[PDB]
Amino acid sequence: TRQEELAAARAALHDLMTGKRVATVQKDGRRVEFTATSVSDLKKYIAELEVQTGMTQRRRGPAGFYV
Amino acid sequence: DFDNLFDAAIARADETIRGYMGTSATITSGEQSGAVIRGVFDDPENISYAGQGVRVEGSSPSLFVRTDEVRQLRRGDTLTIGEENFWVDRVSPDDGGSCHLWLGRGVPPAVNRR
Amino acid sequence: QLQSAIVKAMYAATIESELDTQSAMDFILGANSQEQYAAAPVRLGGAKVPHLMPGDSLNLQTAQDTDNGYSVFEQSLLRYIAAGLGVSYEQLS
Amino acid sequence: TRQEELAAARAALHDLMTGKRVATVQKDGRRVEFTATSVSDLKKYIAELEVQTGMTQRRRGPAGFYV
Amino acid sequence: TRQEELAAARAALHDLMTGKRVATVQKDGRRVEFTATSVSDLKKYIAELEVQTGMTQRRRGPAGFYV
Amino acid sequence: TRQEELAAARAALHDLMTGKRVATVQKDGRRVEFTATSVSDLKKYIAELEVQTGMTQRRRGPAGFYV
Amino acid sequence: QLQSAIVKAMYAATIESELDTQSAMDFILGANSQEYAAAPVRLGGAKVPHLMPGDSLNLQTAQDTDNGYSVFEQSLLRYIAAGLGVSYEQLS
Amino acid sequence: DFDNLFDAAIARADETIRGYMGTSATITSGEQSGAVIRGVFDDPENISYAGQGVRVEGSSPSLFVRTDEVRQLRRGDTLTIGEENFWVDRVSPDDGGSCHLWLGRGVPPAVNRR
Amino acid sequence: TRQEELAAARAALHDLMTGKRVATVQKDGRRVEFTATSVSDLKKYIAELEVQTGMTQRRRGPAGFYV
Amino acid sequence: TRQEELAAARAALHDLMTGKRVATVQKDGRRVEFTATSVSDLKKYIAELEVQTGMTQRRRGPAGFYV
Amino acid sequence: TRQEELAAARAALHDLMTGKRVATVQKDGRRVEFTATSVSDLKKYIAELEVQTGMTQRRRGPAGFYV
Amino acid sequence: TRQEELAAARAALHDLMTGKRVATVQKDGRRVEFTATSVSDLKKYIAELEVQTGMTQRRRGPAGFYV
Amino acid sequence: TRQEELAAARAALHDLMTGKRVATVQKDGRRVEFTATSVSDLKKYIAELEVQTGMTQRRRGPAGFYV
Amino acid sequence: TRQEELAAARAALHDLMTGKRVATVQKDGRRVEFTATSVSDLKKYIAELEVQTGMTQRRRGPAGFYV
Amino acid sequence: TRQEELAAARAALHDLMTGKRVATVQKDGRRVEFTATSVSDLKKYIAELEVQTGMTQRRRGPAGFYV
Amino acid sequence: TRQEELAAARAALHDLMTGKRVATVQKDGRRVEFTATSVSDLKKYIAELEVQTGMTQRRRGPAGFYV
Amino acid sequence: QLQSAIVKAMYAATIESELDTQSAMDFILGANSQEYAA
């Protein structure tokens, strides 16, 4: 059940990026706010549980050199 | 869609608050019949006294529904907040993105129009 | 290493400005006055001092030592090579 | 559907750039505030997300040197 | 549809510089808040999408050197 | 129209310089707050935009030296 | 060590710019885009480029290619010559 | 034009708010006849009881147009907010750069002047 | 009961990551604000309490080198 | 009385970590806020006050070497 | 009046540590504010006032080495 | 219109120095505030347009040397 | 009156450390706050007047060194 | 008009020095706030503007050195 | 009258140290907030204002070293 | 009128030091606040206009050295 | 390398001032503006 976690986190990254991550809501006496996380940690979380899950390769290993 | 630049923002905020703060109301009867809306319901408490002491304490529910899905709702039809049965009394005019649905309780009283 | 020395010394300086390249190089370096892209050359006359407004800056790269260390490394490699070929190191190098 | 949020994020970048990125909107006790991101992160998001999609060549492999 | 984009961005820059970029508006209950970008990043955006579009030469190559 | 907004930006510099750059204006119920920029970047904008205009000499080419 | 020196010497400068890399090399490293293999550039005289704010050309300082490797070689073939029984100066 | 140095700011602010939140409006009849203005429309709710109980729910629309265009509007003529048809009842006095426009609904009731 | 707060802390980390870490909640007259931590320390807590739990191998003894 | 000290401190650590440490609480007309300690100092408190207890070892002496 | 003073100080340290150090307390119209001190200073106060009192040994005279 | 520009700048400098530059005014329903500029930029502005206008010499060239 | 001055300073130090240094009080229209002094200055002051008064030795002089 | 303006500037400097430089003044509904400078800038302003007028000198040409 | 403000400043120093230096006093509708000074400057004030007074020896002329 | 200036400035220093420099005073509906100068510049001003006036020597010139 | 050396040595110093350039060299680098080429 990591795949839908990936999907939700990637979504939330998208909404935070463009315009649609909500910090506060208020209904004249019914208000609540959420803590805001920086984008860097969002992408780090995305990458970490993206590589950790069973989805395919995204990054290879070092780089050879030849003449 | 609107010559607004502002009402778009208030509509997005309206959707946000409905999603984050609201309940899945299901409607019976009326032209809409079986349908589902996401409306934030509250039950303020109000008391009248009438005679010497005739306290009739009760509640005045409200739903804060969005106008587009609740047009031609009329007044005589009923409503269901989950397992509880209400009936709309009056519909507030649109403030720009929604309106307050004023709710009664129990069976609507007759029609008395003719 | 020779190519790196070529290109490290190639880019002597840079100019930082938000103006047009032609105007910037005219007001900071000079020349233009064309008879009639390739940008513009600059006459290598005497020492010249330019004038700048805030937002502009002429900064010349210090680059790095061309032979930061190469001669000694090549010396060791040639020593090994001469050992391989059986000739004296000095004769080969 | 990568082109979809590619276009959406490009439009969001332009919208923030000119004047239109709404932060908080309030009307008679119904107030909602959206978190904001620096333009640099949005630019990098445009960059590698359009790289990831099948959008055309925009990067070249270093640069050769020859006399 | 880049040319009118250039026009809109240049106009927004002009209003920002002199006096005419509005951060918030309010009318006795209905108010909106706009995220305000800086000036540096806006001029970088102007230059980038101006060179990218069909706009003519503005910056030429490096300066030669001769005796 | 370079003359028009050139003069506009010059006047904006002047009245921001002395006392007249309005930041927020509020009649009861209706308030707006125009964003504010520094004076340095405004001066650079003025310089670049007048030099882009076909106005007269304002710069010279370095400076020669002779004995 | 040979390969590392090769690599460290085979990366002289770095360009960073917002705009497209082809136009970046056109406006910074001369380029000949008027005529994949990216773009070759003529090796002419000294060139000073103009760069808008946000771009930069950084000259990599690299690192000394023989940071003590020669003395380590000296010691190592000293040990080798001890092993083989021939004089160190003959072997090295 | 304004010998105040402050009404210039308030006029700019009024223009900005009308452009950022207002809506178009087409006045019909009156001396203006076909003309288009911009104003921030709103419709507050109001209730009354005409006896032991008579609930007459209604709205009290407002438009807030700038005073330059609203001149010589009188009271008889009418106006359309998009599709909806209202009619001006009262015009608020100048507040410095604009004035609230009080709207009715439907056909204006007679003239009953003389 | 280590698995219990392992799961709870992991869920809380994801919850804070996406958008839904409640900071303050206020009904009319009844408000309460929960203190908020950073994300890094949450990750370190997750890792440490995970390795303390007899969960599977996640760290390997340095790295050998062979020619 | 230090074992229950361990329990209380660890429970407070977990509550602060996930979501369950209250910075302030307000009923209508009656509010109290508590000074909020950081995370690192709390962890040092945990360690220092668990080592002083009789519960088993958690850290050991320095590591030697042998060929 | 020293030993119980130390006991009260230790109780206050634990009190601030978990969650319960009251900062401000407010009833209807009646409210008071208690100033707060960093945990480090309270720890040093505990330490050297415990050393000053006749509490048992907790310090040792440096450390010698021997082959 | 440079001369009255100089006069107004000198005035505004004088009012700013002593007490007579107004940051904001309020009239119980109508308030405005003006962006306040630092004194240094005003002095550079006055010096620049003082040397630019037709008024007499104020600063001469570099100082020579002789024995 | 050095002795009771020292006593009052010690008491104030004690209340400051644990919980009982009041920053401000307010009785529905009768409020008053006091400036808060850092603990470092308070300990310096208490030590200075402690060794200033006629009470006995607390700190001795240098340290010998004998083989 | 330089002499009396210098006198006014000196009086303002003294007034700021003691207690009397009014920052904001407010009546019922009517309030204004005057921007405040530092003291160093006003001091140097007094300095060189008193120098520029013909009042008696306060500077001398460096200093000599004799045996 | 040096003894007068000497004693006054010493008492104020002690008063600020313990708890009592009032910074703001507020009756309903009547608020007065005095300014506050750091303790170090007050200690200096004490130092030089008492050394200028004919108070007893408190300083000594460096220190000689003898074998 | 330098002597009374000295007296007023020394007074103001004394009131600022202990407790008696009012930053702002507010009756209901009528409040004013004065800019609060620091103390170091106050002492520099005191010394400067103290030595500038005709009152006696307070500081002397360098210091000799003899064997 | 020869071209880089001559170029690097050819620029000497720089001046920066928002003041007019002609008057800038007049008030700093001596200049002869009181009596194209600059």
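So that you can tell them apart, the chains are marked A, B, C, D, E, F, G, H, I, J, K, L, M, N, O, P and Q in the order they are listed, and the count of residues begins at 1 in each.
Criterion: a contact is a pair of C-beta atoms (placed from the backbone, for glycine too) under 8 Å apart; a residue touches a chain by one contact, two chains touch by 3 or more.
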| item | value |
| --- | --- |
| Graph separation of subunit H and subunit K (steps between touching chains) | 5 |
| Result of counting contacting C-beta pairs for A-D and D-G, higher pair | A-D |
| Whole-Å separation of chain centres (CA-atom averages), subunit D against subunit K | 52 |
| For subunit B paired with subunit D, centre-to-centre distance based on mean C-alpha positions, whole Å | 40 |
| Distance between the centres, which are taken as Cα means, of subunit L and subunit B, whole angstrom | 62 |
| For subunit B, residues that touch 2 or more chains besides their own | 5-6, 9-10, 12-13, 16-17, 95 |
| Set of subunit Q residues in contact with two or more other chains | 3-4, 7, 18, 20-21, 25, 29, 31 |
| Shared interface positions of subunit A, touching two or more other chains | 16, 20-22, 25, 27, 29-32 |
| In the complex, subunit Q residues that touch subunit C | 1, 3-4, 6-18, 21, 24-25, 29 |
| Residue numbers on subunit G that touch subunit C, as the complex places them | 1-2, 5, 9-10, 12-13, 27, 43, 46-53, 57, 59-67, 69-70, 73, 91-92 |
| Residues of subunit L touching subunit Q in the complex | 44, 48, 51-52, 59-62 |
| Complex contact set, residues of subunit E against subunit F | 14, 16-28, 36, 39-40 |
| In the complex with subunit H, residue positions of subunit L that touch it | 30, 32 |
